[PDB]
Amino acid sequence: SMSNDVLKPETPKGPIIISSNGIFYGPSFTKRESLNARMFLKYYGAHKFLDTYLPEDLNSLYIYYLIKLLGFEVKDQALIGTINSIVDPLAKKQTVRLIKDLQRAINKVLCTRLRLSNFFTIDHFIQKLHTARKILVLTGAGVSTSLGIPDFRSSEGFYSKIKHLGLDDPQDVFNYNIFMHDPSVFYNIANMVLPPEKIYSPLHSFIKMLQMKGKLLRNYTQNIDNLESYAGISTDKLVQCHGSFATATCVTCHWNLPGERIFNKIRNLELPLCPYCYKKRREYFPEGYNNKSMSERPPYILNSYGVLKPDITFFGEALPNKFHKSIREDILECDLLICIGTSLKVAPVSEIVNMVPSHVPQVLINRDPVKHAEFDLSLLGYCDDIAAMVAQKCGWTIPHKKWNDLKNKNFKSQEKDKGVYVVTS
């Protein structure tokens, strides 16, 4: 039952259009031929692509045209003019400069998603919602901004706020290596990332709604605020890929305790200290340097000795096992993918978008386009607006307080390109 017909190419006729031969004109290529090539490549593999599209006997000049055939232009000036005029024909150097660039080209296509020609529009997305029994939703920081929590990377964002306390890379604040060397860096800003209580946006309730209708396969969040659980999302449906403040752990003795136990300490910018390591720690740090003379601290002891750390995932640290267990049973079995409120810059979570089956429609809901991903449909704007709008068109009811006011609210969808819409009010 392969649904990949949309991605299946039409086997072209014979080797390429070349075999002095056509120095200026050349065996020109059209977008349909190029796109069909890319499809052929991705459909049959590189081997078959190479065998068919090339003559049974040849020269090094096809190497340049396979590049043009795949819709690439070789930007090397000295190389261009040589080819324009000339017509083994090619030099040894250039012939290598070619083969390389072909491999890059092939790899770029093999590693690039091809958008579905039959899913470009808002109605498509709506109709799909009705038919979809397995929906995989990936949420970022954006879904929470409407609650006052700023996102990480917006101009109004977290990284900007602390960039004004000074640091070269404000992301180092969440760096694991640095935490081990200097836990003070993280704990200085830690209060800023403490989760608020018992609140959620309309968008959370949208995911809640999908779960009630039985359409929700899983919700993967990069968010540590734990708002998902409050909106009603169940433990089996939810994965916090980046960890949570639920618990904390001593980085020396590996003890585990309820996260709330360190919340006051964090509010006061004090180092949370493990009770059981506090003995040896006091020998290495007699003076009480824990706050925001190291002579007694041996080379094998770092500042993080005997320090608790929240179970959220730092850069360079390992994601929760639950993530790995879930992706392995999820990606293949999913018929739809929606990305909401994430720049998609942080791996492995971002690679979900690259590891999913080719026929699965991909939809983006965000205030910005994601340029490094190929999304079948991208609705640009506030995700609460966009949630209300879509819920209307399905004749659906979002289980949120702000629904009764929103259900009548009217939104404008302006198409700026194919598969691209700007949703406002």
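So that there is no doubt, residue numbering starts at 1 and follows the sequence shown.
Novice: Between residues given as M355 and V356, how many of the deposited sequence are not built: none, 1 to 3, 4 to 9, or 10 or more?
Specialist: The entry has no unmodelled residues between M355 and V356.
Novice: According to the PDB entry, how many deposited residues between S19 and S20 are absent from the model (none, 1 to 3, 4 to 9, 10 or more)?
Specialist: Gap size class: 1 to 3 residues without coordinates, per the record.
Novice: Mean C-alpha B-factor higher for 123-131, or for 91-99?
Specialist: Comparing 123-131 with 91-99, the higher mean C-alpha B-factor belongs to 91-99.
Novice: Between 59-67 and 377-385, which has the larger average Cα B-factor in the PDB entry?
Specialist: Comparing 59-67 with 377-385, the higher average CA B-factor belongs to 59-67.
Novice: Name the one of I83, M209, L194, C334 with the greatest CA B-factor according to the PDB entry.
Specialist: Each of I83, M209, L194, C334 was compared by C-alpha B-factor; the highest is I83.
Novice: Against its chain's modelled residues, does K292's Cα B factor rank lowest, middle or highest third?
Specialist: Its C-alpha B-factor, which the entry lists for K292, ranks in the highest third among residues of this chain.
Novice: Comparing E270 with the other modelled residues of its chain, is its CA B-factor in the lowest, middle or highest third?
Specialist: Within its chain, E270 is a middle-third residue by C-alpha B-factor, going by the deposited values.
Novice: What third of the chain does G142 rank in for C-alpha temperature factor, lowest, middle or highest?
Specialist: For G142, whose C-alpha B-factor we compare with every modelled residue in the chain, the answer is the middle third.
Novice: Quick check for you: using the entry's CA B-factors within this chain, is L167 in the lowest, middle or highest third?
Specialist: Tercile = highest for this residue's CA B-factor.
Novice: Please place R218 in the lowest, middle or highest third of its chain according to the CA B-factor in the PDB entry.
Specialist: For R218, whose C-alpha B-factor we compare with every modelled residue in the chain, the answer is the lowest third.
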